[PDB]
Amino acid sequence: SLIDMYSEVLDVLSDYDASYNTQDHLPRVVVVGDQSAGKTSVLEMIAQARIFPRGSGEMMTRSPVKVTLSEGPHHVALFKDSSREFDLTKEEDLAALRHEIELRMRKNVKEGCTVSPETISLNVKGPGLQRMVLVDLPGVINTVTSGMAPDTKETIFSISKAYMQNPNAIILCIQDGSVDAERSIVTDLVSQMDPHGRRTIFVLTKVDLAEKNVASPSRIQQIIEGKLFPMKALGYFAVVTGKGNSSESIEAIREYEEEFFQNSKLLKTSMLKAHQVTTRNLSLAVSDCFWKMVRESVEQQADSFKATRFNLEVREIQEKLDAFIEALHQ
């Protein structure tokens, strides 16, 4: 419940005063990537539910979506400051929840705008879920298409920058394996925010399409070894997080990914490695990295609180953080 404590420190910290005495440098896992690279698909394989706007060919995530993942006895979801439990095993609840999320996303987008920086906050609890706080972000673009507000590209870059810029955020850089590395839009921003790769994890999606279309299966190995993209990362993972145009289920997608990798030239040849491979493996590394960064960040931000009290002399913000750092040490 300490993930529960953490998240309440997070969403009472916002609020968002935003100043010298109150910086928000607490770890979140921030999911960035070109439009349709599969950011939301990765999120849904980790949350294990089909609940968010998702689809190929167009802009689907039009505002940030903050998901706190915690352990629980039933797969459930609740909005922030709400008591309604959506039962993620019931299709009627899933369908209702998809509608409720789309409606809030549409509500956030003001009249002459295409995208919003207003967050949608949701808790997902479930048996065996990794504990973590993620933020799914709008896909970065290069071309503003007809109907969109003219500023949309720069607004989307601005929303991604706002979250990657937090020095203790984990940057989960989602990279479409089915599209030439040279076509990538997000690489430059990722490289600016974390030049040395101290808090970035790299995810290559759609490797099944890569085999089904690409003329150099060694370039996949070159990517996963950090040798192709001009950026650094703590780790590199290859992943299969969907198939086709129609929404499948999480279990169908997980089966498909397992089949693909166990039949893939890349693993049987040991071109790339087994620990580098499924979303499950990515999940574990991301959770480890998130918790390590939380344990290395809270005190120094305890520290900040301490500095604030007197240096000058942040009220109940400091004591929620103090309760959490209390629990945190076993």
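Quick note: we count residues from 1 along the sequence shown, nothing fancier.
Missing coordinates between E313 and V314 amount to 10 or more residues of the deposited sequence. Taking the mean C-alpha B-factor of each stretch as recorded, 7 to 15 and 302 to 310 are not equal, and the higher mean is that of 7 to 15.
Averaged over their C-alpha atoms, the temperature factors of 216 to 224 and 100 to 108 are higher for 216 to 224. For the set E44, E58, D34, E296, the PDB entry assigns the largest Cα B-factor to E296. The residue among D87, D180, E71, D188 whose C-alpha atom has the highest B-factor in the PDB entry is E71. Split the chain's modelled residues into thirds by C-alpha temperature factor. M271 is in the highest one. Sort the chain's modelled residues by C-alpha temperature factor and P117 lands in the middle third, per the entry. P230: CA B factor in the lowest third of modelled residues in this chain (values from the PDB entry). When the CA B factors of the chain's modelled residues are split into thirds, the value for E255 lands in the highest one. In this PDB entry, the Cα temperature factor of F290 sits in the middle third of its chain's modelled residues.
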